[PDB]
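Let's see this in three dimensions:
(chains A, B, C, D, E, F, G and H, ligands or ions: 33)
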Amino acid sequence: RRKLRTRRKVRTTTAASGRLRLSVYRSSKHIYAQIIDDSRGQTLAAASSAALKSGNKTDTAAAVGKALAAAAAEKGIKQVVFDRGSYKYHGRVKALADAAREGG
Amino acid sequence: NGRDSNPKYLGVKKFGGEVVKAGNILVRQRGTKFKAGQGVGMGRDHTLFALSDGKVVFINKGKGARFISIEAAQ
Amino acid sequence: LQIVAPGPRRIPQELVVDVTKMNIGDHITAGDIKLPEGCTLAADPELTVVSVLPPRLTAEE
Amino acid sequence: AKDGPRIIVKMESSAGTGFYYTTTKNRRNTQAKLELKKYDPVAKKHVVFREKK
Amino acid sequence: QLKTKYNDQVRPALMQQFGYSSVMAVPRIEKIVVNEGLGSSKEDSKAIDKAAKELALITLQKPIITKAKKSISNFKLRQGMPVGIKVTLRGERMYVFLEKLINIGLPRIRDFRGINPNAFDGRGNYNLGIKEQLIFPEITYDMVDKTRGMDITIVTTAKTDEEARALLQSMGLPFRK
Amino acid sequence: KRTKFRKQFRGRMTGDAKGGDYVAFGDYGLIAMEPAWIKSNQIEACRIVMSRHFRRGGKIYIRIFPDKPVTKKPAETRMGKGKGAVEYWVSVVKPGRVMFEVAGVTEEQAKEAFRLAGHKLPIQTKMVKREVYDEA
RNA sequence: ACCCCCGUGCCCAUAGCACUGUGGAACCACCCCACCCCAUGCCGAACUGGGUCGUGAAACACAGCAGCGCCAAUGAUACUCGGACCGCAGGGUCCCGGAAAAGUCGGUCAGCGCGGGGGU
RNA sequence: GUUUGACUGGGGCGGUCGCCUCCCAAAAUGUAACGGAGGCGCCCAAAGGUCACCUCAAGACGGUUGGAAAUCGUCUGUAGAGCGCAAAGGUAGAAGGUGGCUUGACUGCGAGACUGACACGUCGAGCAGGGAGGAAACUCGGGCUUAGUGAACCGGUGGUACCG
Ligand SMILES: [Mg+2]
Ligand SMILES: [Mg+2]
Ligand SMILES: [Mg+2]
Ligand SMILES: [Mg+2]
Ligand SMILES: [Mg+2]
Ligand SMILES: [Mg+2]
Ligand SMILES: [Mg+2]
Ligand SMILES: [Mg+2]
Ligand SMILES: [Mg+2]
Ligand SMILES: [Mg+2]
Ligand SMILES: [Mg+2]
Ligand SMILES: [Mg+2]
Ligand SMILES: [Mg+2]
Ligand SMILES: [Mg+2]
Ligand SMILES: [Mg+2]
Ligand SMILES: [Mg+2]
Ligand SMILES: [Mg+2]
Ligand SMILES: [Mg+2]
Ligand SMILES: [Mg+2]
Ligand SMILES: [Mg+2]
Ligand SMILES: [Mg+2]
Ligand SMILES: [Mg+2]
Ligand SMILES: [Mg+2]
Ligand SMILES: [Mg+2]
Ligand SMILES: [Mg+2]
Ligand SMILES: [Mg+2]
Ligand SMILES: [Mg+2]
Ligand SMILES: [Mg+2]
Ligand SMILES: [Mg+2]
Ligand SMILES: [Mg+2]
Ligand SMILES: [Mg+2]
Ligand SMILES: [Mg+2]
Ligand SMILES: [Mg+2]
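Numbering: from 1, shown residues only, chains lettered A, B, ... in the order given. Ligands and ions are numbered 1, 2, ... in the order given. Find the structure here:
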């Protein structure tokens, strides 16, 4: 239930990978996807549907997914990364992946 | 009755502070008694082993919060 | 009985309990005990303090 | 490892031919439906033939 | 198909009377839970499937067969195979059944003064006092195996038992008088 | 006395009295000065002794109680295993531990009723009164 | 910078629960409808998907509060490495450092970051 | 012509020999008794691989041939459950409950360590040939682990093609 997320968040052994963590978090029809430095106590490159209304139809995640992809690529930093959450695949969340993955 | 069987030799092989090699065994215990931390693997029999050479260190507070980890030297 | 309060000049050095009322099988509980000057009971009100025990009885061989 | 008239069995693998063997332990407990699995021989890889006998 | 009747009149009646901070704070009904225990039926592989058609034809929603867990029971509990059937009704499909029963099914009980008004669930939830299975409109003595009955639970958002029976007005709320 | 189902066996060791108080459940009580075992009888006879000297009144409290099972030679020698399941049950008591306590009887009343039960006891003993009040 | 919200760590109950008070177009949440994506071994309750009004009720968030939990001294004791002993025995003592558990006095309803949205 | 075991508070009668778990075991490992208890000589083609979701025992109230016990509902619910078997450890971010697809319950090796007088035995990163589940990081060379076993000899079967 509230272990949905903590099943996934722990599913990724963080600093053992060498990668970074990308936390997509959906609440409203808006999504905030942010990328975190696991080893260090910090975060790297934010995105949002906040200043947005880029697209009308959620699947505006395409924008924020590409927005992060571009905002991060200025810092360099593209491997796999990719956290997730209580939320499943395909749909609205995969509109974000393919906007970053192959879009970044 | 008279039927008890065998020693079984479970222990903590490399204690904290010690310099492990790659492939050394850090702990022998039964199910989970110590949790594998940074730089430490775990096998069929549980039994943490060393992934990377370095210094071994113990970390715990309470319960199942016990952890074994490695770090390099140079 | 632990009770409490207020003055520890005036502390309840004893507790007077009148038993003439009770006879047999009667369990006097802690809500029946007199504690002047607002001394709150420490334990449960219904906790048994004084109980008079019945005479020794037997039937079968 | 010991063997008798009883349930389950030791059953060999197919011809990855190659004329080859695997022989995992098996059981007639679930079903007699026989079996086929995937393995690799001398030739190629993953040539997948049927549990014999 | 109702759902309008809950709307308007049901809400302010308690809201304009006792009062509520919202139209959301107003007591609702989440789901109608219907489960017929087949434990008394040892037919199993034979007639257990029949009680599924009974509940599926009435609520238009397929029943899920519950299971043993095998327990002990000291007389009969075993393994496995079903021991009972289950269907949960929520939304409009609850509102199709609920309306269907109060208008039609309930009057079909002999000498019906209404279900027991005494406290059901202090947490605000309510049950159904269904005894016979034949009392339901779709069920008749024409087509049946034996004389049996099923249980039904009304799951409501009422915060109090006091406010439970209160919401339970409107919808066909007989009493003990 | 002898109890219902258990672990069934024991060895032996001796410390000092842990869970025996000074007082409890009455005005007067009995305290053991020597480490020892007390059996199912003994204390059973001690109850009977004390009560015989009373009105028979139900005012007597026994804090002690047999748990530890002890064993014995079936007939003789060392041939075979350890054995003797039911021989007797014992209750270990250590010094300072309070054994029996009485209610409502007077000073000499319980002085003599402890003295009678003083014999039948493998150890020396002394009765008492309350100063330390501990309930928690 | 400050107030605060949403995310996400470290710590890994002195940060936890119940009683409870504030919060609402900015954020969260419910709510709204959904033939199809997708999905409930029955129910879109859960995932999922289309979006307001409403609502601040529930859930969440913060402030309150020391009734319960959890942490918990100093004193003394139990036991004990070493030294030296009494008892026929069960057992016991002296010196020397080490030194608990419980209990009481109390202490609390946390701390410390990263990023973004919104007021001043 | 030979065989007819040992252990053993004398020998015999009785029981016992290997393997796993707890106590004994004196807070490292190790440690004996014809000491104190109990189990193994299997099972699982899915109880495996991976990929997703799921959360238990029990009580109280209310509910229908169904009452101690059923099936349903709400509330409580650091586990008082479960884990194929014996106990100990272990487990709620699961190893436990359910499905999708599967054949890694793989061939060639094996850094470096646990343990043993030896012979055995246990764990294992990583490399290659090939795969499997996933979108992906990744995981997989049987199972929560610890019992489910037999050196060598002599030989049966399928290869292979060195000796001849
Ligand atoms: Mg052992
Ligand atoms: Mg801690
Ligand atoms: Mg001793
Ligand atoms: Mg005590
Ligand atoms: Mg937050
Ligand atoms: Mg505003
Ligand atoms: Mg809804
Ligand atoms: Mg609340
Ligand atoms: Mg001190
Ligand atoms: Mg002492
Ligand atoms: Mg000494
Ligand atoms: Mg001497
Ligand atoms: Mg001493
Ligand atoms: Mg010294
Ligand atoms: Mg000292
Ligand atoms: Mg000291
Ligand atoms: Mg203490
Ligand atoms: Mg206190
Ligand atoms: Mg607070
Ligand atoms: Mg900030
Ligand atoms: Mg011999
Ligand atoms: Mg003999
Ligand atoms: Mg001999
Ligand atoms: Mg025997
Ligand atoms: Mg040891
Ligand atoms: Mg030792
Ligand atoms: Mg020896
Ligand atoms: Mg032995
Ligand atoms: Mg023994
Ligand atoms: Mg699992
Ligand atoms: Mg794929
Ligand atoms: Mg490998
Ligand atoms: Mg040949």
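
Surely residue E:13 touches residue E:170?
Yes. Contact criterion C-beta atoms under 8 Å: residue E:13 and residue E:170 qualify, at 7.3 Å. C-betas here are computed from N, CA, C, even on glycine.

residue of chain B with the smallest distance to ligand 2?
Using C-beta to the ion, the single residue of chain B nearest to ligand 2 is residue B:61, 3.4 Å away.

Please name the residues that touch that residue.
Contacts for residue B:61 (C-beta atoms under 8 Å, 6 or more residues apart in numbering or on different chains) come out as none.

and what of the one 5 residues further on?
The neighbours of residue B:66, taking C-beta under 8 Å, 6+ apart as the test, are B:33-35, B:58-60.

What of residue B:28?
Applying C-beta under 8 Å, 6+ apart, we find residue B:28 in contact with B:9-13, B:47.

mind redoing it with 10 Å?
B:8-13, B:34, B:45-48 (C-beta atoms under 10 Å, 6 or more residues apart in numbering or on different chains).

What about residue E:155, how many residues nearby?
By the criterion of other C-beta atoms under 10 Å in any protein chain shown, residue E:155 has 20 neighbours.

Thought residue A:21 was touching residue A:42, still the case?
No. With contacts counted by C-beta atoms under 10 Å, residue A:42 stays clear of residue A:21, the gap being 11.1 Å.

okay, now the closest residue to residue B:12 other than its chain neighbours: neighbour count?
Of all residues not flanking residue B:12 in the chain, residue B:27 sits nearest, at 5.0 Å (C-beta to C-beta, 6 or more residues apart in numbering or on different chains). If you count neighbours by other C-beta under 10 Å, residue B:27 ends up with 23.

can you check residue A:63 too?
Counted with other C-beta under 10 Å, residues neighbouring residue A:63 total 19.

Give me the secondary structure label for it.
Per DSSP: H, G, I helix; E, B strand; the rest coil, the secondary structure class of residue A:63 is helix.

which residues touch it?
A:47-49, A:52-55, A:95-96, A:99.

Mind checking which of those are in helices?
Judged by DSSP state H, the subset of the contacts of residue A:63 located in helices is A:95-96, A:99.

ok, back up a step: secondary structure element for the residue of chain B closest to ligand 2?
Under the criterion DSSP states H and E, no helix or strand holds residue B:61.

Am I right that residue F:52 is in a helix?
Yes. Assessed with three-state DSSP, residue F:52 lies in a helix.

Contact partners for whatever residue of chain F ends up closest to chain C?
Taking C-beta to the nearest C-beta, chain C has its nearest neighbour within chain F at residue F:56, 5.1 Å off. By C-beta under 10 Å, 6+ apart, the contact set of residue F:56 is C:55-56, C:58.

Now with 7 Å, please.
residue C:56 (C-beta atoms under 7 Å, 6 or more residues apart in numbering or on different chains).

before we move on, back to that, out of the ones in helices among the contacts of residue A:63, flag the one nearest to residue A:71.
Nearest to residue A:71 among the ones in helices among the contacts of residue A:63 is residue A:99, at 12.2 Å by C-beta to C-beta.

Show the contacting residues for the residue lying closest to residue E:52 once chain neighbours are set aside.
Counting by C-beta to C-beta, 6+ apart, residue E:52 lies nearest to residue E:63, which is 5.0 Å off, once chain neighbours are set aside. Counting by C-beta under 7 Å, 6+ apart, residue E:63 makes contact with E:52, E:55-56, E:85-87.

Would you point out which residue of chain D is nearest RNA strand G?
Residue nearest to RNA strand G within chain D (C-beta to the nearest atom of the strand): residue D:30, separated by 17.7 Å.

Give me the neighbour count for that residue.
8.

do the one 10 residues further on as well
Residue crowding around residue D:40 was assessed by other C-beta under 10 Å; the count is 14.
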